[PDB]
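Below are two forms of the same protein chain, given as structure tokens: structure 1, then structure 2.
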Structure 1
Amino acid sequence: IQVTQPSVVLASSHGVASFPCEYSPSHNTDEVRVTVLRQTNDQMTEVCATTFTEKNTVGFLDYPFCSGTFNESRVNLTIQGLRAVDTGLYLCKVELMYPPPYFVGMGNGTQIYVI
């Protein structure tokens, strides 16, 4: 699957940044896992991840610093507690988990600059 996310996003003074992650085509699924990853010099580390279903469209409830609502084939993501040093490349990974077939796609990454 194709995954679209913005090239560049400016975080707030409060350390908050929002950006959408959208995939296509909108294959049948009942379980979508969205993982946010940070690229750090060869290593990809997990920032936060959740699983969206038809009844649970509001995700990352178990994270203080990550929020996300899912609709159509689009997650609107919000990362909090960003610092200047947290400037970097944030990749949206999308997985269609059930039922078969499995699909996986990886966004190009959103560069996040922190004011």
Structure 2
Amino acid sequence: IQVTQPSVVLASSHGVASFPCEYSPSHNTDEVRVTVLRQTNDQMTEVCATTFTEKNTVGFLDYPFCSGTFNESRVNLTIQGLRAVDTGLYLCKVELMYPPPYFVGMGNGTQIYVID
């Protein structure tokens, strides 16, 4: 599977950034685990993760600072609570959890600029 996302996003004055993560090939019947990772000058750290299905389309309910809805071939992500120090590259990881066989893909990352 191939994962794509926009190259850059400017966060709002309220520290909110939204962007889509798309994967392919896709079917409406897929079950997918989506993780958002952050990269700065070093390792990629996990920000939030959720699992979506055909029926379970509203994700990240257990993270106050991530939201996401699953619509066909893409997840529409929103990250909140951002501060200037949070400027960095935000990568989508998409795992196809059902049906088998398993696949995992990484997006190229969306650079999020946050100005205080």
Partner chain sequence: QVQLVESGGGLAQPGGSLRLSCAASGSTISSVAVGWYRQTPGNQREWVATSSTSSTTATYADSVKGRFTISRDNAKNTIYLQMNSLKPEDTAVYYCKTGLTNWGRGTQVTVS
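Shifts are known only where both forms have a C-alpha. Reference numbering: structure 1, starting with residue 1. If you superpose the two forms and keep the largest set of C-alpha atoms that fall within 1.5 Å, you have the rigid core.
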| query | finding |
| --- | --- |
| Structure number of the form deposited without the partner chain | 2 |
| Out of 78, 87, 28, 69, the residue that alone shifts its CA by 2 Å or more between the two structures when the rigid core is the reference | 28 |
| Rigid core fit then residue 41 CA moved by 2 Å or more between the two structures | yes |
| Angstrom displacement of the CA atom of residue 99 between the two structures, core fixed | 2.3 |
| Inter-form CA displacement between the two structures at residue 54 - rigid core frame, Å | 1.7 |
| Where the chain shifts between the two structures once the rigid core is fitted, runs of at least 3 with Cα moving 2 Å or more | 27-30, 40-42 |
